[PDB]
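>>> experimental coordinates for this protein are included below, preceded by the sequence.
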Amino acid sequence: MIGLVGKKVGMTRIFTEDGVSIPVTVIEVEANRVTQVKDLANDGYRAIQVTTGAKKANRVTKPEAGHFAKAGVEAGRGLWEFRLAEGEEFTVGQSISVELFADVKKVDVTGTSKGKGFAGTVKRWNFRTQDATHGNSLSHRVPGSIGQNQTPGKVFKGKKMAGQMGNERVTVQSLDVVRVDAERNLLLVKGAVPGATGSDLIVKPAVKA
Amino acid sequence: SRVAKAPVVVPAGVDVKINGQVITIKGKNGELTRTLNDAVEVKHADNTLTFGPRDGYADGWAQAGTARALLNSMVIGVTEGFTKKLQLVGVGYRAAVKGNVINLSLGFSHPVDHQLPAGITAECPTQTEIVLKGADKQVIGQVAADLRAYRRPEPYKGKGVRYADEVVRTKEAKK
Amino acid sequence: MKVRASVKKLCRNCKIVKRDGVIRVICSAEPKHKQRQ
Amino acid sequence: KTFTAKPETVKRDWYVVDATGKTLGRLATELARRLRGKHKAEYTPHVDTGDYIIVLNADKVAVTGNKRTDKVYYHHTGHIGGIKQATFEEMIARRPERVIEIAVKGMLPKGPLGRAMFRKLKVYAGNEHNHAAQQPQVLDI
RNA sequence: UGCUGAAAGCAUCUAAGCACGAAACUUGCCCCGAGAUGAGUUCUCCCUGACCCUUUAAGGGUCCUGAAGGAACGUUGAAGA
RNA sequence: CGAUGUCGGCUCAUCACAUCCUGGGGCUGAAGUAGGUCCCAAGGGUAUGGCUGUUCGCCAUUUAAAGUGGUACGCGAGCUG
RNA sequence: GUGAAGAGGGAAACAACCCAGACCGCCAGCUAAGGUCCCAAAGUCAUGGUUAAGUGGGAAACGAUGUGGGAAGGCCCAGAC
Ligand SMILES: [Mg+2]
Ligand SMILES: [Mg+2]
Ligand SMILES: [Mg+2]
Ligand SMILES: [Mg+2]
Ligand SMILES: [Mg+2]
Ligand SMILES: [Mg+2]
Ligand SMILES: [Mg+2]
Ligand SMILES: [Mg+2]
Ligand SMILES: [Mg+2]
Ligand SMILES: [Mg+2]
Ligand SMILES: [Mg+2]
Ligand SMILES: [Mg+2]
Ligand SMILES: [Mg+2]
Ligand SMILES: [Mg+2]
Ligand SMILES: [Mg+2]
Ligand SMILES: [Mg+2]
Ligand SMILES: [Mg+2]
Ligand SMILES: [Mg+2]
Ligand SMILES: [Mg+2]
Ligand SMILES: [Mg+2]
Ligand SMILES: [Mg+2]
Ligand SMILES: [Mg+2]
Ligand SMILES: [Mg+2]
Ligand SMILES: [Mg+2]
Ligand SMILES: [Mg+2]
Ligand SMILES: [Mg+2]
Ligand SMILES: [Mg+2]
Ligand SMILES: [Mg+2]
Ligand SMILES: [Mg+2]
Ligand SMILES: [Mg+2]
Ligand SMILES: [Mg+2]
Ligand SMILES: [Mg+2]
Ligand SMILES: [Zn+2]
């Protein structure tokens, strides 16, 4: 189904009359405009690309300006794409709103997580640590051994060790929607979404539910 | 061998269409069609069908006999029609029909719903006994096998779906 | 269904068959005699 | 002095073959012969004098025996447990074009010249191509 | 586990044919990913000026021109050795 | 033998099936729960403590289950002695 | 007998297995072991049967209406099975 692109603003709570403080991550989903519709005849698949927000006229490049002028759309801060199913049609000049999720209860949120930099093995793969005493020397947080002696005598591909941790695209599914504010262009989603405040997130209807 | 040599008589009111090796039969109950293996030859004597093993095939007589049996089943199903009865046994077990489907309560929390092909006509003269009619024999055999699988007759009390003509090797529990 | 190497006939109601290249023994009146290679 | 082949002055023709009703082991060998140029008097070990061959209806290839269920195609991804296993029917249903390619690559010599020979096989899965501009000639197996 | 069914007039799950069937397999869930050299697809933007030289060509050189865009420096980041 | 560093323990795993559980099935001297035996199946999981340097093993208490073995009786240019 | 002290071809690789004992050069020809669909040079050679297991291309006691045959024997058109 057709998803939308929003901007993360922060986390907060919402109180219910029963006495429950439900967590929520407010997502600001502005008027998401259409830039191009790709059909099965030319591109080989049914999809639609979406633009969100606004960008400086002195910063938007000439190819982007021409691509936006072909549709009749202002210059946004990025371009995203969503696949289509049977019975779903759109035009080039449409501007979808947050009201699409009025009858949607569980959604999937996709976004870039927060970069933790070069992290150790313990922090990256939840490894354990050796004893800090009893004679240990310079091996308090090292991963230890990696393989076997001369059989195979190498290191397997896919081994868990230190490296980059974060700044990657992650998807969290089956998050329950709390409220939709069409006037304020706001979506209330229970739980926690990846990425810090101000990041771009993709909210789609649940694929499995 | 002997079955293949034994001929197939087609009675009055039955129309036969033979194109290549494909065979089609029409009549009262309905229309059937079936292709045969390329190791047999079928001839029509204007009143009776005959089968012969072709050259270059080792397993010719067996295929001819199978084809003869299949054609005999087809013609008798077209003329009269095949029937099969199921005698459901067990306390709390019943059956019902809705148009072309079967509804059962075989001691399960959920009711059992079973579909039927387009050439099967079911009936439930009694709560514990059902009957089915058709033109083909393999289809009704498969339907009965599915009905039997739903509730297998146990060797202690016979509870379950069982054929009206079969027997059960019941036993007695030790002490 | 007892699976072993040597399969044979135990009663007079047993029929030795070959299915999918595997030898099987089935008796029409004794489930205990069901054998497989 | 023995005549040798020059890659610049050598000529290559376009042939089109339909793989319907023929066997892998008796078609891929002819394809490899015509790719290595063993059917021409100008054959040289170090020069690709073969002809560009297009294959049509690769999904219609006929194989005898029980190979349609017992013909496995093993390969390894590179990881410790990265071993995969398929069969002839699964390969035909998923990637039919990669059933002639494996055979021809196995039959061809291994090296840059073998890869260059393999680069000429335009294996398709239907009964039509887009290389009619080359004016190909119909060929029998 | 079966249906029909001969070789073997019967019987028979099989030799022709059909159906059910497991956390095993391929998809289905998520991520990477066209250097996939077989290097892919699509919507866009950009400069439409003249001269001579042998080796006559995927040729060499001169003047004018320097676009789209990128790079560099700086402010910097919940990005980062 | 002009040196291939050794038992056990910690971290780190990987492969196999003659499988401990989960999955499906046959027989049962299988009334049901709970069981015994056998076939397929490695996708996942497969305990904390007292004693001993100990693997092994005894005991306490859990667990759906507390597997069998190979990897130089895995792993000291990773640690321990 | 070979290697040691023996080069070369073949058995995919291979000191001892088979063929075969390198004076040197030749872009001459004939053979042995071993082979003639491709890698890789040579028969998609002819007639005759066997195999349907990829047997060929790892193995036993033992078991089976798997087939391809040979020679006999019982019962059987007063009717066998
Ligand atoms: Mg960071
Ligand atoms: Mg610890
Ligand atoms: Mg010390
Ligand atoms: Mg320290
Ligand atoms: Mg020290
Ligand atoms: Mg070491
Ligand atoms: Mg089976
Ligand atoms: Mg029968
Ligand atoms: Mg039957
Ligand atoms: Mg599960
Ligand atoms: Mg030593
Ligand atoms: Mg040394
Ligand atoms: Mg030492
Ligand atoms: Mg097993
Ligand atoms: Mg696996
Ligand atoms: Mg799976
Ligand atoms: Mg104490
Ligand atoms: Mg050790
Ligand atoms: Mg050690
Ligand atoms: Mg070392
Ligand atoms: Mg000490
Ligand atoms: Mg010596
Ligand atoms: Mg020698
Ligand atoms: Mg000598
Ligand atoms: Mg040699
Ligand atoms: Mg050898
Ligand atoms: Mg050699
Ligand atoms: Mg010669
Ligand atoms: Mg010879
Ligand atoms: Mg080579
Ligand atoms: Mg050759
Ligand atoms: Mg021949
Ligand atoms: Zn018995």
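All right, it came through fine. Numbers count the residues shown, from 1 in each chain, chains lettered A, B, ... in the order given. Ligands and ions are numbered 1, 2, ... in the order given.
>>> next, the residue with the shortest distance to the centre of chain C: secondary structure please.
In chain C, the residue lying closest to the centroid (CA atoms, centre = their mean) is residue C:25, at 1.3 Å. Secondary structure assignment for residue C:25 (DSSP: H, G, I helix; E, B strand; the rest coil): strand.
>>> how close does it sit to residue C:5?
The gap separating residue C:25 from residue C:5 is 12 Å, by CB to CB, to the nearest Å. All C-beta atoms are positioned from the backbone trio N, CA, C, and that covers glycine.
>>> the residue nearest to the centre of chain C: what's it in contact with?
C:7-9, C:14-17, C:33-36 (CB atoms under 8 Å, 6 or more residues apart in numbering or on different chains).
>>> ok, the residues you listed vs RNA strand E, which is closest?
residue C:17 (4.7 Å; CB to the nearest atom of the strand).
>>> residues in contact with whichever residue of chain D sits closest to chain A?
In chain D, the residue that lies nearest chain A is residue D:80 (4.2 Å; CB to the nearest CB). Contacts of residue D:80 were listed using CB under 8 Å, 6+ apart, and they are A:156-158.
>>> if we go to 10 Å?
Residues in contact with residue D:80 (CB atoms under 10 Å, 6 or more residues apart in numbering or on different chains) are A:152, A:154-159.
>>> what does chain D put close to RNA strand E?
D:84-85, D:90, D:94, D:97-98, D:101, D:115, D:119, D:123 (CB under 7 Å from any atom of the strand).
>>> which residue ranges form the strands in the chain?
Went with chain A since none was named. A:4-16, A:20-28, A:32-38, A:47-51, A:79-83, A:95-96, A:106-112, A:118-119, A:163-164, A:169-181, A:186-189, A:200-205 (DSSP state E).
>>> wrong one, chain D
D:14-18, D:52-56, D:75-76, D:83-84, D:122-123, D:137-138.
>>> any figure for the gap between residue D:93 and residue D:99?
11 Å.
>>> please read the previous query as pertaining to residue B:77.
43 Å.
>>> circling back: got TSV for the residues of chain D next to RNA strand E, with neighbour count and distance to chain A too?
TSV is the format used below for the residues of chain D next to RNA strand E (neighbours: other CB atoms under 10 Å in any protein chain shown; distance: CB to the nearest CB, whole Å):
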residue	neighbour count	distance to chain A
D:84	9	15
D:85	9	19
D:90	15	24
D:94	9	18
D:97	16	18
D:98	15	21
D:101	16	23
D:115	12	25
D:119	11	25
D:123	18	21
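>>> what's the farthest-apart pair in those?
Pairwise distances across the residues of chain D next to RNA strand E peak at 28.2 Å for D:85 and D:119 (criterion: CB to CB).
>>> who's more crowded, residue D:93 and residue D:99?
Remark: of residue D:93 and residue D:99, residue D:99 carries more neighbours, 22 against 11, as counted by other CB atoms under 10 Å in any protein chain shown.
>>> just say helix, strand or coil for residue B:71.
With three-state DSSP as the basis, residue B:71 sits in helix.
>>> I'd say it and residue B:33 touch.
No. Contact between residue B:71 and residue B:33 fails when scored by CB atoms under 10 Å: they sit 11.5 Å apart.
>>> intersection of neighbour lists for those two?
Residues touching both residue B:71 and residue B:33 by CB under 10 Å, 6+ apart: B:23, B:25.
>>> picking that back up, separation between the residue of chain D closest to chain A and residue A:162?
20 Å.
>>> and stretch D:76-88, C-alpha only, in CSV?
Coordinates of each C-alpha in stretch D:76-88 appear next as CSV, following Å, rounded to 0.1, in the frame of the first residue of the first chain:
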residue,chain,number,x,y,z
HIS,D,76,28.7,-22.0,-2.7
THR,D,77,28.2,-18.4,-1.8
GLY,D,78,31.5,-18.1,0.1
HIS,D,79,30.4,-18.3,3.7
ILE,D,80,30.9,-21.3,6.0
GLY,D,81,27.3,-22.5,5.7
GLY,D,82,26.6,-20.8,2.4
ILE,D,83,25.9,-24.0,0.4
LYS,D,84,22.8,-24.1,-1.8
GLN,D,85,21.1,-26.9,-3.8
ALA,D,86,18.6,-26.8,-6.6
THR,D,87,17.3,-29.2,-9.3
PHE,D,88,16.6,-29.1,-13.0
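>>> just the helices from chain B, written as ranges.
For chain B, the helices defined by DSSP state H occupy B:2-5, B:61-79, B:137-150.
>>> show me the contacts for residue 5.
Just going to use chain A. Per CB under 10 Å, 6+ apart, neighbours of residue A:5: A:27, A:29-30, A:32, A:50-53, A:76-80, A:82, A:96, A:110-111, A:200-204.
>>> look at chain D instead
Residue D:5 makes contact with D:37, D:40, D:42-49 under the criterion CB under 10 Å, 6+ apart.
>>> what about the residue in chain C positioned nearest to RNA strand G, how many neighbours?
As assessed by CB to the nearest atom of the strand, RNA strand G sits closest to residue C:6 within chain C, at 3.8 Å. Around residue C:6 sit 6 other residues, with neighbours defined as other CB under 10 Å.
>>> contacts only, for it.
Neighbours of residue C:6 in contact, by CB under 10 Å, 6+ apart: C:35, C:37.
>>> quick check on the residue in chain B positioned nearest to ligand 33: phi, psi?
Proximity of chain B to ligand 33 (CB to the ion) peaks at residue B:169, 10.8 Å away. Dihedral pair for residue B:169: phi -90, psi 70, per degrees, to the nearest 10.
>>> nearest residue to it other than its sequence neighbours?
Spatial nearest neighbour of residue B:169, excluding adjacent residues (CB to CB, 6 or more residues apart in numbering or on different chains): residue B:155 at 6.1 Å.
>>> hmm, that neighbour is touching residue C:31, no?
Yes. Counting by CB under 10 Å, residue B:155 does reach residue C:31; the two are 9.0 Å apart.
>>> and the gap between the residue nearest to residue B:8 when sequence neighbours are not counted and residue A:180?
Spatial nearest neighbour of residue B:8, chain neighbours left out: residue B:49 (4.3 Å); criterion: CB to CB, 6+ apart. To residue A:180, residue B:49 is 73 Å away according to CB to CB.
>>> write out the residues of chain A neighbouring RNA strand E.
Residues of chain A lying near RNA strand E (CB under 7 Å from any atom of the strand): A:36, A:38, A:42-44, A:61-63, A:66-67, A:70, A:108, A:110, A:114-118, A:164, A:166-171, A:173, A:196-198, A:207-208.
>>> just the buried residues of those residues.
Burial by neighbour count, 16 or more other CB atoms under 10 Å in any protein chain shown: within the residues of chain A next to RNA strand E this picks out A:36, A:38, A:67, A:108, A:110.
>>> could those go into CSV alongside distance to RNA strand F?
What follows is those, written out as CSV (distance: CB to the nearest atom of the strand, whole Å):
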residue, distance to RNA strand F
A:36, 41
A:38, 37
A:67, 46
A:108, 24
A:110, 25
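>>> pull the most distant pair out of these.
Longest span within those, CB to CB: A:67 and A:108, 28.1 Å.
>>> distance of residue D:109 relative to residue D:115?
Noted for residue D:109: a distance of 10 Å to residue D:115, by CB to CB.
>>> how long is stretch D:124-134 end to end?
Using CA to CA, to the nearest Å, one end of stretch D:124-134 lies 16 Å from the other.
>>> buried ones in that stretch?
Across stretch D:124-134, burial judged by 16+ other CB under 10 Å covers D:124-125.
>>> now check it, is it near chain A?
No. Using CB under 10 Å from any CB of the partner chain, stretch D:124-134 never reaches chain A; the gap is at least 15.6 Å.
>>> more neighbours: which of residue B:71 and residue B:33?
Remark: of residue B:71 and residue B:33, residue B:71 carries more neighbours, 21 against 12, as counted by other CB under 10 Å.
>>> which helix runs longest in chain D?
Assigned via DSSP H, chain D shows its longest helix as helix D:24-36.
>>> pull up the distance across stretch A:42-52, start to finish.
Span of stretch A:42-52 from end to end, CA to CA: 25 Å.
>>> for residue A:111, what are its contacts?
Counted by CB under 10 Å, 6+ apart, residue A:111 has contacts A:5-6, A:8, A:27, A:169-172, A:193-196, A:199-203.
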